[PDB]
Amino acid sequence: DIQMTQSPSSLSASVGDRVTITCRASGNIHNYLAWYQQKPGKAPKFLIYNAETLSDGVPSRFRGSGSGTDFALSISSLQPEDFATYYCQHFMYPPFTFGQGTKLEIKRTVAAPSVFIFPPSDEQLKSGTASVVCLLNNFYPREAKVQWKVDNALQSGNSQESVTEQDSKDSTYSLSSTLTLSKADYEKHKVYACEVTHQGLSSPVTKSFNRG
Amino acid sequence: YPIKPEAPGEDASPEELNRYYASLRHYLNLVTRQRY
Amino acid sequence: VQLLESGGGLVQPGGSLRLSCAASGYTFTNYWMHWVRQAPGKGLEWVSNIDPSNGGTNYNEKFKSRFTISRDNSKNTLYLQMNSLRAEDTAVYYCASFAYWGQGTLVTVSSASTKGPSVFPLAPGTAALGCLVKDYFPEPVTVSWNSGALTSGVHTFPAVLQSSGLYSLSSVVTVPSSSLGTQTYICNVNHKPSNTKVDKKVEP
């Protein structure tokens, strides 16, 4: 099979920047390469084919180069609508494999999270389960560590988290960490703590509550 | 695979030759785009 | 020029689904037609293609035993017949031909039963509040604040698939702390697959 290696996997840049994404085929694909742009919750958009040909309506600031195994996509001057995920794909012989994608995000200055902690609701506890929520709000960059402590004991395997896409407005990320326990394991403990580690904090921040 | 248009003969009008240019461009578009 | 997809949705493991893609605006034999899929939070994966001029097919050998690509030139329609579906086949499936992509259709393969969400308050200078939208199936759900009115400070997280096989997500909003006694904050949750709308005011 021919595999496509895309680099970088992520790029932080600014409106006006010149940027380059590379794509290397593990075998000769002649010029049988397409580039796609994809935004969250949308279908991919076809930008370039045969390595260098712009698809109809695609702005001239997009350019492709390559032949054989070595390919690149260049945007001469990023505009706000260009922050997205980019993929290459070869059409040499099947399987017509994709690169693993480049996420092109907006560069801004380091911002520390605002941390919030949420006890389970009375409603939910009624049902026999307890969800403790920890919110890290409006931080940059995306990398952050959340650790759960229950009566000062480190928890593992009982939390799930997810992260929003970069905010249109301030270019920050937010992150929800959810700790799940039975009503009965919840009531065996007093102190529930969320400890947050991030570049923009001097010292790890803890938010905590006592059950009742 | 698309059907190749024939070049006009020696006595073709500019109308026929310009129509041929468009048919040739359409053919080559289909050839180069087909695999996508 | 459009590719319009049909046929996705929820199927139990070992089950079958047929996807279709209707092309319009050009000669149907002009371009190879491809299926591509994308698992939630992952990359694009090529599935198969057909040449409608002669029926020539290529398959990702990963799917060759289970998936059959076909078309009907007298309907301008591409098909993907998916047999023996597994949880790992859960994805948005796209048809693609040259510059034309279908809108995508979500195919969910799971033992889980369709189920509307339990909605719970996340009770509160800046205060944070929100709603925990717990134990629904399948995707997706929509959350708005204030029958649509509260857009500012809203963060609606990607759902997580729990070990139970049900989804859960949280929607939060930050407001002025001194607006908690005075302003009304309500989370509207629509889950179309169970025909479910919950509205909850989050009170301090």
Extreme residue, nearest to the other protein chains (Cβ to nearest Cβ), among residues of the range C:146-204 that are of a type outside the set (A, V, I, L, M), within 13 Å of C:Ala123 (Cα to Cα) and part of a strand (DSSP E or B): C:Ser170
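If I filter the range C:29-38 down to residues being more than 12 Å from chain A (Cβ to nearest Cβ) and touching an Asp or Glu at 6+ places or on another chain (Cβ under 9 Å), which single residue comes out as surrounded by the most Cβ atoms within 10 Å (Cβ to Cβ)? Don't jump to the end; show me each part of the working.
The initial filter retains those residues of the range C:29-38 that are more than 12 Å from chain A (Cβ to nearest Cβ), namely C:29-30, C:33.
So of that shortlist, the ones also touching an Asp or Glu at 6+ places or on another chain (Cβ under 9 Å) come out as C:29, C:33.
Working: C:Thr29: 15, C:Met33: 24.
Result: C:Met33.
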Go through (1) assigned to a loop (DSSP other than H, G, I, E, B); (2) crowded, with 20+ Cβ neighbours inside 10 Å; (3) out of contact with any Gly (no Cβ under 8 Å at 6 or more places or on another chain) and name the single condition C:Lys75 misses. (2)
Lone qualifier among A:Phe96, A:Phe71 - being of a type in the set (A, V, I, L, M, F, W, C) and more than 8 Å from every other protein chain (Cβ to nearest Cβ): A:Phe71
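Quick one: is A:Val146 aliphatic (A, V, I, L, M), under 17 Å from the mean Cα position of the chain (by Cα) and assigned to a strand (DSSP E or B)?
In short, yes.
Quick test for you: out of A:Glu165, A:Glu161, pick the one residue that is in a strand (DSSP E or B), within 16 Å of the chain's Cα centre (by Cα) and not assigned by CATH to the domain that holds A:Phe83.
Numbers: A:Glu165 fails: in a strand (DSSP E or B).
Of A:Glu165, A:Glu161, the one residue that is in a strand (DSSP E or B), within 16 Å of the chain's Cα centre (by Cα) and not assigned by CATH to the domain that holds A:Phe83 is A:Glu161.
So in the range C:39-57, with the set limited to residues that are surrounded by fewer than 20 Cβ atoms within 10 Å (Cβ to Cβ) and closer than 15 Å to A:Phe96 by Cβ, which one is nearest to the other protein chains (Cβ to nearest Cβ)? Let's see the steps before the verdict.
Of the residues in the range C:39-57, the ones surrounded by fewer than 20 Cβ atoms within 10 Å (Cβ to Cβ) are C:39-43, C:45, C:51, C:53-57.
Subset that is closer than 15 Å to A:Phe96 by Cβ: C:43, C:45, C:51, C:56-57.
Numbers: C:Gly43: 5, C:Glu45: 7, C:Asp51: 8, C:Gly56: 10, C:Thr57: 10 Å.
Looking at the filtered set, the residue picked out is C:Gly43.
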What is the number of the single condition among (1) in a loop (DSSP other than H, G, I, E, B); (2) closer than 30 Å to B:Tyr27 by Cβ; (3) within 16 Å of the chain's Cα centre (by Cα) that C:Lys42 does not meet? (2)
(1) over 16 Å from the mean Cα position of the chain (by Cα); (2) more than 25 Å from C:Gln38 (Cα to Cα): which one isn't true of A:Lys107, the others all being true? (1)
Among the candidates A:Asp122, A:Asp151, A:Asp167, single out the residue that is away from chain C (no Cβ under 13 Å) and acidic (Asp, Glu). A:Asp151
Suppose we keep only residues that are of a type in the set (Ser, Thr, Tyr) and touching a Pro at 6+ places or on another chain (Cβ under 8 Å) within the range A:160-173. Which one would you say is farthest from A:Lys39 (Cα to Cα)? A:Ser162
When the range A:168-188 is examined, which residues are found to be in a loop (DSSP other than H, G, I, E, B) and surrounded by fewer than 15 Cβ atoms within 10 Å (Cβ to Cβ)? A:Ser168, A:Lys169, A:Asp170, A:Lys188
Return yes when C:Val143 is away from chain A (no Cβ under 11 Å), closer than 20 Å to C:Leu19 by Cβ and crowded, with 19+ Cβ neighbours inside 10 Å and no when it is not. no
Return yes or no: is A:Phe46 surrounded by 13 or more Cβ atoms within 10 Å (Cβ to Cβ), within 14 Å of another protein chain (Cβ to nearest Cβ) and either part of a loop (DSSP other than H, G, I, E, B) or β-branched (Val, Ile, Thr) (or both)? no
Identify all residues within the range B:25-36 that are surrounded by 14 or more Cβ atoms within 10 Å (Cβ to Cβ) and either away from every other protein chain (no Cβ under 14 Å) or not polar (S, T, N, Q) (or both); write none if there are none. B:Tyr27, B:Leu30, B:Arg33, B:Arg35, B:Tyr36
Quick one: how many residues across the range C:96-107 are in a strand (DSSP E or B) and touching a helix residue (DSSP H, G or I) at 6+ places or on another chain (Cβ under 9 Å)? 1
Taking the range C:119-135 on its own, how many of its residues are assigned to a strand (DSSP E or B) and in contact with a helix residue (DSSP H, G or I) (Cβ under 7 Å, 6 or more places away or on another chain)? 3
Determine which single condition C:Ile69 fails, assuming it passes every other condition in (1) under 18 Å from B:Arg35 (Cα atoms); (2) more than 10 Å from every other protein chain (Cβ to nearest Cβ); (3) not in a strand (DSSP E or B). (3)
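Don't worry about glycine lacking a Cβ; one is built from the backbone with ideal geometry, like all the others, and counts go over all protein chains shown. What is reported rests on the model, the rules as stated and the sources as named; nothing here is a laboratory result.
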